[PDB]
């Protein structure tokens, strides 16, 4: 009945109006495209997110096991934020960051603000002070599990780390929306992530699928991300891409994947082709061709982005 379709639209609008856009969506809907987003380093993930990258002014959670690639994803977001003229901060309670690797994948490490805080509440308060400044495009918190309460650190009952996260996130969400700063919480499956799950606008589950071989020597991992929560665009999408040892997320490899997925790149044998021109025989050659030829990589990227959302 058309009388039903009127009441459904109405119901959706009341919901949308009462609790915000993205409060309900059809999974087949097209995404409303924001003015600016933070790209992820893989076009595949950017498409999975619907809006071409991470949202501004929101809480993001990126989680996965040890050696999943979750930190690499956050660092690519940092690099892109910086490359577009943004300021980045990294709140580090893990003490694991490798800046040489970060630099190689595109982070301006010299300009990166880093804090290594004494306690969980100090970490979040420093994040909060930085956010309220209005000067940051992105702040990354590594990691949730390491945000240990002052009382526990001073040797004084348990369950209060979750409460620490809840209160802080309540305060922080306001500051982020007002500032336009994106906050990424890295979380490791082994946490005060009960509250983060509801405050987050985007949640990404990151895993290693398989190791990429160079003859008999390892040169990276195929990486899978599922967007398990997404308030900006239909959730539950997933992407794969490559993380190459020493280099990070292969942008060019991902352009190829989505190129062929979208029919923009055709396949005649092991040869990948683009507009009757040949890219390479086998993935690595095609990948390599795109790094040597930045111009065709941008062209392919441009064409994937226009063919859908953005």
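Here, rigid core means the biggest group of C-alpha atoms that superpose within 1.5 Å across both forms. Residue numbers count along the first chain shown, from 1.
Comparing 157-165 with 85-93 in 8 other deposited structures of this protein, after superposition on the rigid core, the stretch with the greater RMS C-alpha deviation is 157-165. Relative to the displayed structure, the C-alphas of 207-215 lie farther away on average in 8 other deposited structures of this protein than those of the other candidate, with 207-215 and 175-183 compared after rigid core superposition. Compared with other PDB entries of the same protein, residue 229 is present in all of those that resolve the residues around it, none of them, let alone a third, dropping it. Of the other compared PDB entries of this protein that include residues on both sides, all give residue 194 atoms, none of them, and so not a third, leaving it without. According to the entry, the deposited sequence places 4 to 9 unmodelled residues between residue 156 and residue 157. Counting the unmodelled positions of the deposited sequence between residue 190 and residue 191 gives a long gap of 10 or more residues. Across the two stretches, 31-39 and 263-271, the PDB entry reports the greater mean Cα temperature factor for 263-271. In this entry, 193-201 shows the higher mean Cα temperature factor of the pair 228-236 and 193-201. Among 96, 77, 126, 162, the highest C-alpha B-factor in the deposited entry belongs to 162.
Annotation for 142, 210, 110, 137: 210 ranks highest, by Cα B-factor.
Among the modelled residues of the chain, residue 246 sits in the middle third by CA temperature factor in this PDB entry. When the CA B factors of the chain's modelled residues are split into thirds, the value for residue 284 lands in the highest one. When the CA B factors of the chain's modelled residues are split into thirds, the value for residue 46 lands in the lowest one.
In the PDB entry, residue 214 places in the highest third of its chain by CA B-factor. Residue 66: CA B factor in the middle third of modelled residues in this chain (values from the PDB entry).
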